[PDB]
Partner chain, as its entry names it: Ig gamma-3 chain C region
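Just the one chain here, the form solved without the partner chain, laid out as structure tokens.
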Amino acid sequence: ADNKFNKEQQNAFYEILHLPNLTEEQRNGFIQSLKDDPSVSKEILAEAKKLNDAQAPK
């Protein structure tokens, strides 16, 4: 089994890598979830974006 990312999973991994307002604990947890099972990428990305947006500088 070849486990190189589909587009979909890649765009989510990079997004998560680069969301600016996550703490590294938070980021690492989301990345670990995608490592574990890349098929949950959609849901994990949506959570990560919510959390990023909630923590934006104001």
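Residue numbers count along the first chain shown, from 1.
Averaging the C-alpha B factors as listed in the entry, name the stretch that ends up higher: 2-10 or 47-55. The recorded data point to 2-10.
Taking the chain's C-alpha temperature factors as the reference, tell me which third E24 falls into: lowest, middle or highest. As the PDB entry reports it, the C-alpha B-factor of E24 lands in the middle third of its chain.
Although it is not shown, the form solved in complex with the partner chain is what the next lines describe.
May I ask you to state whether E47 is within 4.5 Å of the partner chain in the bound PDB entry, using heavy atom distances? Yes - in the bound PDB entry, heavy atoms of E47 and the partner chain come within 4.5 Å of each other.
In the bound PDB entry, do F5, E8 and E15 all reach within 4.5 Å of the partner chain through at least one heavy atom apiece? Not a single residue of the candidate spot has a heavy atom within 4.5 Å of the partner chain in the bound PDB entry.
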